[PDB]
């Protein structure tokens, strides 16, 4: 058996990790009323996490999101996996990184690092890789997630963190405000698999450039937010890219990442017994997943996510917690 690992700074920021799936189990931070609030969904027990299928707080890999039709071409060779989500291959498959027990290579009062190895035999994806993920909290009230990796054999590697966020405990995050520096988004089909097209956010329900409440996303016949797309980060050349907050709890979350996109999932298909024995329902939280474009391995015009011998996969996500004053 394993066990929850806790890290924390000196200002009231605590994070609880789990070796299994290198998961972010909990993240507590005092609200405007000085009351501690767990900002991420989860489970009160370890086994519940090992049985979860919604990838709650997990470190996802080797390839986050979908591989169109469970097939791809790598270095002139075709790789075909067994579908695990519709006709596609989602989050690295049933034996993806999120479903494996990572080794604890470092643990200190404010930081913890996990490591794990994966090759074609483990998940059917090309080559192999030694992956190391670190969670660190600091005096700036930031949670830093570092994603590092190397390989002996050429393959693909595109990770992300699948934590579902809810800053005030509300039944849903429809009232939460969201602001993103994203001019474009990745188009997806009915099965939510990228089509390879990029669409401007202008005049669409995905324009969060002015900061609005999530409840504002068109008008469907289910009154549910079906957010679950890749929002391409507008990055300069010659900084915070996302701000998520709740006027209710007064808690705000800002993010900066090396990744080119941030996948936002409004938790439309959620329905599980979480913390406090609570019953999570539709649009309960907001999954924020900094990552490379979904289905990158299927479209050559999307970022090249190959990881080859001698190179170093190195990405980071910085979450800053504060208050809206």
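Residue numbers count along the first chain shown, from 1.
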Report summary line: Per the entry, how many deposited residues between residue 238 and residue 239 lack coordinates? The answer is 4 to 9
Report task. Pick between 64-72 and 283-291: the one whose mean CA B-factor in the entry is higher. Result -> 283-291
Report task. Name the higher of the two by mean Cα B-factor in the PDB entry, 24-32 versus 255-263. Result -> 24-32
Report task. Could you check 204, 113, 78, 141 and tell me which one carries the biggest Cα B-factor in the deposited entry? Result -> 204
Requested in this report: Could you say which of 211, 87, 126, 93 has its CA atom at the highest B factor, as listed in the PDB entry?
Outcome: 211
Query raised in the report: What third of its chain's C-alpha B-factors does residue 146 belong to: lowest, middle or highest?
Result: lowest
Report summary line: So, residue 192's CA B-factor, relative to its chain, sits in which third? The middle
Report summary line: Of the three thirds of Cα B-factor ranks in this chain, residue 155 occupies the lowest
Requested in this report: Please rank the C-alpha B-factors of the chain's modelled residues and tell me whether residue 56 sits in the lowest, middle or highest third.
Outcome: middle
Query raised in the report: Among the chain's modelled residues, which third holds the C-alpha B-factor of residue 319?
Result: lowest
